[PDB]
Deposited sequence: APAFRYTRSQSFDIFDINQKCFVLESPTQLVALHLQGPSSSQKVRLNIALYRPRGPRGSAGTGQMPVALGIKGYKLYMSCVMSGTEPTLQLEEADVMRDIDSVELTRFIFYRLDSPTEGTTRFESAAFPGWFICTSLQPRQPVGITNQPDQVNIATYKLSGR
């Protein structure tokens, strides 16, 4: 279904200039990182895939750079949930199960912004809260009382 092509490291901020930090090994939070603290900003190692749902094709996996984690979308209880999993780099994504790691990177090239739509959960997008220091999650209402728009730089 998808084969790995290459990775590239990016800084990422949401549209309100919050960055990601790894609050605990299983949870990202978004905050305005500043002042006087030891919290380390997360960079993404974005693995680009080639193919072998409403979805704009640039399928990617999102590695949490330096922490040996990849983002995934999975059912928890009865609700789609963003999680972070210890996973090695995957050459092949060739099952419904492994599709949990794939997002479509949706760039708005003119504006230089990006959204990330789950491949396992089409219609669900990676989002942050309007409030700082809350978990990064997924939503089927992107940018509606949350932020689902990012600016990447590499």
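**Q** Could you please spell out the deposited residue ranges that have no C-alpha entry in the coordinates?
**A** Several stretches lack coordinates - namely 1 to 2, 55 to 59, 162, in sequence order.
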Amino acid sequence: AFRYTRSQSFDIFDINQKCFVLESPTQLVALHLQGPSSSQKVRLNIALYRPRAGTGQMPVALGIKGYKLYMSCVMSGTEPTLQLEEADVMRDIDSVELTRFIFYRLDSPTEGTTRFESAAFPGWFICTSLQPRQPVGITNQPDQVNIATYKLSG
From here on, numbers count along this sequence of modelled residues.
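**Q** On average, which has the higher Cα B-factor in the deposited entry, 136 to 144 or 5 to 13?
**A** Per the deposited B-factors, the answer is 5 to 13.
**Q** With respect to the recorded C-alpha B factors, which stretch has the higher mean value, 29 to 37 or 125 to 133?
**A** So the stretch with the higher mean C-alpha B-factor is 29 to 37.
**Q** What's the residue among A47, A120, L69, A53 with the greatest CA temperature factor in the PDB record?
**A** Across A47, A120, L69, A53, the entry lists the biggest C-alpha B-factor for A53.
**Q** Whose C-alpha has the highest temperature factor in the PDB entry: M58, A61, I64, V89?
**A** That would be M58, according to the entry.
**Q** Lowest, middle or highest third: where is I93 by Cα B-factor in its chain?
**A** Highest third of the chain for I93's C-alpha B-factor.
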